[PDB]
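Here you get one chain, nothing else, as structure tokens; it is the form deposited without this ligand.
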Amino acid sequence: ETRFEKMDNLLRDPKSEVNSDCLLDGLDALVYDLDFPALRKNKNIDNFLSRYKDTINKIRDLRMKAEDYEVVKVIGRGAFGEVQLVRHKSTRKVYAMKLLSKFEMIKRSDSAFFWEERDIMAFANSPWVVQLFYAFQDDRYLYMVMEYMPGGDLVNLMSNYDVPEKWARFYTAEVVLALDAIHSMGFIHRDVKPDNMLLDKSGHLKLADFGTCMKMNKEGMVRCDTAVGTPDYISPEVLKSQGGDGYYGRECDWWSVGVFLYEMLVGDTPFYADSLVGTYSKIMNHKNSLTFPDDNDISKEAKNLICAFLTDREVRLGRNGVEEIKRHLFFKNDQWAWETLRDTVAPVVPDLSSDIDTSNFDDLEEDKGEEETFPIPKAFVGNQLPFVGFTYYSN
């Protein structure tokens, strides 16, 4: 009323853009961007930087930093960064940490995916979406510290098991509940593949966005990478929007399920080609290019769900509703129910060992360059600005 209350309701509360973490990101961002020999030729800047020297050194120290965390495995690697499995050093607790690279991400692929990425995992409030516990940053990377997924991604699964239409019905189902959850928030998940499908201790499936692609050495070519999503799982419309023709919606994730389901059943991707161009071309050509072998079993109805997803946009299933998707005869069984599901017992329940247990995860390079960032300015470019307020806490 007399307004020192009006004020400080903004001062601290999470969705206010003046919440303390924004303010700290602010002073911290300004400082990174101010501190440079060319810019210090400005007495104002130089003197500001001198007074704030010590006090921001301590800020960087007291706020959550990467060295607060011990790195166990680097599991998966991106164009824009990587995912590591980490352990907090004092709490001894396990997380999966995504490093987004500020440079590669702001730069010229642009596409600025991070607000969306972040906001989803933090506020989804869903069993189906992996949780964002903390986010922080420094002058190079963003860091999302998300809830840990002790089972593998589904890539590991398919590696060990030939997958029965039973399991294949089950995972597609949780993915469907995962996809509406996100869509209900107005978000396009926008890259959906076995790699982002994760399994908790119950062998129940959660959805993520990670460091990604495949493999070393360019044979059994595993080409992947590029810019957005992944080559195998993209839509014709996502291709065409790059691209530069049209614009694509959440319809794109359903195409992806179609492809994912083709992979568990057939053991291969629908559009897989030697090169990525042979792959992009097949996809535009999906009408002619999409085929099955024979292909017993592959139940009629699964070939039908697949072809429902793998069609052109506005005729494709799930454009009218996720409802239309569940009615599909392919989900027909007495095992579980749509609203019950995650209560039911999952095909694969991972064999424990310890909290660390790494076997559901690989070992990687752990090497090299500290690759490029934001070349050193001769004037003030405010490159750290666009990430202000990205630091986030558990409450």
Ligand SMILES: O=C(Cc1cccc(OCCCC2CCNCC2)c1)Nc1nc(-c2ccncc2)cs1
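Throughout, rigid core stands for the largest set of C-alpha atoms superposing within 1.5 Å between the two forms. Start at 1 and count along the sequence shown; that's the residue number.
There is another form of the same protein, the form solved in complex with this ligand; it is not shown, and what comes next is about it.
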query	finding
Clash check, this ligand transplanted in the deposited complex by site C-alpha superposition, 2.4 Å backbone/C-beta	blocked
Partner-proximal stretch of 164 to 172, 180 to 188, 241 to 249, 140 to 148 relative to this ligand in the deposited complex, 4.5 angstroms, heavy atom	140 to 148
This ligand contact at residue 130 in the deposited complex, heavy atom, 4.5 Å	yes
Contact test in the deposited complex: residue 204 vs this ligand, heavy atoms, 4.5 Å	no
4.5 angstroms heavy atom contact with this ligand in the deposited complex for residue 80	yes
Contact test in the deposited complex: residue 361 vs this ligand, heavy atoms, 4.5 Å	yes
Site test, 157, 260 and 266 vs this ligand in the deposited complex, non-hydrogen atom cutoff 4.5 Å	no
Partner-contacting position among 110, 219, 314, 297 - heavy atom within 4.5 Å of this ligand in the deposited complex	110
Contacting member of 100, 283, 135, 306, with respect to this ligand in the deposited complex [4.5 Å, heavy atom]	100
Residues within stretch 199 to 224 having a non-hydrogen atom within 4.5 Å of this ligand in the deposited complex	208, 209, 211
Residue from 129, 261, 198, 100 whose Cα, after superposing the rigid core, lies 2 Å or more away between this form and the one not shown	100
Rigid core superposed: residue 80 CA moves 2 Å or more between this form and the one not shown	yes
Residue 51 C-alpha relocation of at least 2 Å between this form and the one not shown, rigid core basis	yes
After fitting the core, residue 170 CA displacement of 2 Å or more between this form and the one not shown	no
Outcome for the Cα pair residue 175, residue 111 in the deposited complex, compared with this form (closer or farther; change of 3 Å or more)	farther
Closer or farther: C-alpha pair residue 158/residue 220 in the deposited complex, relative to this form, given a change of 3 Å or more	farther
